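One-letter residues, chain by chain:
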Amino acid sequence: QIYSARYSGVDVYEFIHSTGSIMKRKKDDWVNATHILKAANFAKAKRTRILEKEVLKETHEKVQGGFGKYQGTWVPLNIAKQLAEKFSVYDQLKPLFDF
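About the criteria used
- Residues numbered from 1 in each chain as written, not as in the entry; some residues may be left out.
- Heavy atoms only, no water.
- UniProt positions renumbered as here; feature names shortened; annotations may be inferred.
- Helix = DSSP H or I, 4+ residues; strand = E, 2+ residues; numbered from the N terminus.
- Buried < 20%, exposed > 50% of the residue type's maximum accessible area, 1.4 Å probe, protein only.
- Core = buried A, V, L, I, M, F, W, Y, C linked by side-chain atoms within 4.5 Å.
- Contact = heavy atoms within 4.5 Å.

The deposited coordinates, according to the entry record, derive from X-ray crystallography at 1.71 Å resolution.

Draft legend 1. Fine view of the UniProt feature "DNA-binding region" in the protein chain. Sites flagged by UniProt as "DNA-binding region" map to residues 33-54. Segment residues 33-54 splits into 82% helix and 0% strand. End C-alpha atoms: 11 Å apart.

Draft legend 2. Highlighting the environment of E58. The residue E58 is located in the loop between α2 (44-55) and β5 (61-63) in this model. Looking at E58, the relative accessible area reads 30%, which means it is partly exposed. On a C-alpha basis, the gap between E58 and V75 in space is 7.9 Å, while along the polypeptide they are 17 residues apart.

Draft legend 3. Highlighting the nonpolar core. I36, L93 and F97 are the most contacted members of the largest nonpolar core, which totals 25 residues. The set of elements that each furnish at least two residues to this core consists of α1 (33-39), α2, α3 (77-86) and α4 (90-98). In this structure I36 touches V31, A80, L83, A84, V89, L93 and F97, once residues within four positions along its chain are discounted. Formed by 8 residues, the second largest nonpolar core is a distinct cluster that contains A5, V12, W30 and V63.

Draft legend 4. Just the environment of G72, in detail. The topology assignment puts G72 in strand β6 (residues 72-75). Sequence separation between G72 and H35 is 37 residues, and the spatial gap between their C-alpha atoms is 7.7 Å.

Put into structure tokens, the structure is as follows:
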């Protein structure tokens, strides 16, 4: 399911996945790419490696100051879709993307 929520003054849509929740911002449809990587079942050291190699060269926002589940690397919707496809979780996260 997808809940409406707010964190650090930001309104998001929260999708409840087994590995955790995945968020999309209401204002611009950006998605938390860290949540996408957690959904692919990647451990922390590997998620960091992938973010530093595949995502930081992309348009993104590094939220490491906004404490909470909100923290992470946020990316445009189209870039999050690519990432989700690459690591084969696109069909699992599809509801949130098209939501």
